[PDB]
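Two forms of a single protein chain come next, each set out by itself as structure tokens; they are called structure 1 and structure 2.
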Structure 1
């Protein structure tokens, strides 16, 4: 922890990059260790009934911060591999989740209804380098039913790096109640590592963040596992909010805190450096 003044931040990034990124390695190692003396339970994730609801076996949802689905008229119908994550000066500003599976499409859309979510942030392509990363939980055109949630694609705007899909959603068992759900899908994340330039992601962050309507549920952020790119997005968005309000940046302290809310948020040192680049672009661009 301990906030860095924004005017001293780019100088700090210079120091972190020097000597083959020694500073960045030290920071990321401290993030990885911040769990060491902590046992964070994820019993529901490990329950045999819930195992098929997990995309990855080692990517669990911590019990304390996990999003609970309202129970259905069995005991384990409450489970989704999703966790609430804080934003800047706002608890539960996000729902960081995995890329839904065909078997969890109903659970996913029910969570969006129950949580009053109005924005989806998707930072993965369905398939990357021939590998299945996420199943298509939304309709290619027109309408698709996911249990009691009927989803209608109303408009699409395909930018160079990201696609904006405007959906209309309704619950069959609500006396027909309609809600607008906007999906911000980043389409240009490379197969390996992080993007070369931070600016396109910064722009994706700014525009997806600006669409947050008061006073709706948390912003749903997902990639494949719901940790790396998801965590990268959360830190960039929160640190921009921090800059705007206090003119300070605290990547390290904030990341160590959100790491108690969902395992592995910001999975690699490369993502950790990328966060810094996005913020550098925001500071110098100002």
Structure 2
């Protein structure tokens, strides 16, 4: 289970795709079994005081990698957010993978952003999809909105074909310097029926949202609804692009098995697993052709 050279990768995708995606199925099964023989605790996630802070009952934040909110005078569980640090290529905690914030966790969400020096939000969901509530709107439709001590001001919006870029200016009321630029990359193209037919617009979304990262800011916050499926998909695509650039190799299976110890279910389906491969195929074939 070493890194596949970039030249042999598109060839490898053909193999994985053949015989009704048998190879893909084996790999994804191996990913699902990577969790086996591993008891990873998520005690804070399961605490009665924290249960209302979780979007889904079964989508937990592993204790060891969980993002801790600075404590608040009084409660003991005021440190909890359903979020985990996740590694990137050759960088620990390059991301914060989190759920789409609830109405009740808006203050927590925005406090985590401040405390972690987060400069980029990657939103991979629509608020409502196929008539179902996926994420609550945590940012202002226009101008300014207040979430605890974080005052959020919408500065500009660029609505592209498949994604929206919202430039915010954030401020802490308890801080006297107390102003920060936060950019949100929102992937908006979600079909009524079916699911992502093309990898090229997602690849463009990944490249642009990734290049917007500022040195040496905090981790890039990536969320969808549960913050596992599309979040995992983004993290792998982005990390593998970095690996390709640095050493012309790809390690999808190895990297995914590793991040799965950091947040439960990152890359939730075989379809998302296959999608990772298509995005990378597009990136490889795109170079020199």
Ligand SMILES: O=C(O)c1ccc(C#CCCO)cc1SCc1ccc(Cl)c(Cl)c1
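Only residues modelled in both forms are compared. Residue numbers count along the first chain shown, from 1. Note that the rigid core is defined as the largest set of C-alphas that superpose within 1.5 Å between two forms.
The form deposited without the named molecule is represented by structure 1; structure 2 is the other form. Just one of 84, 184, 79, 189 moves its Cα by 2 Å or more between structures 1 and 2 on a rigid core overlay, and this residue is 189. For residue 276, the CA shift between structures 1 and 2 after superposing the rigid core equals 0.1 Å. Core-superposed comparison between structures 1 and 2: residues with C-alpha shifts of 2 Å or more form a single run of three or more, at 189 to 194.
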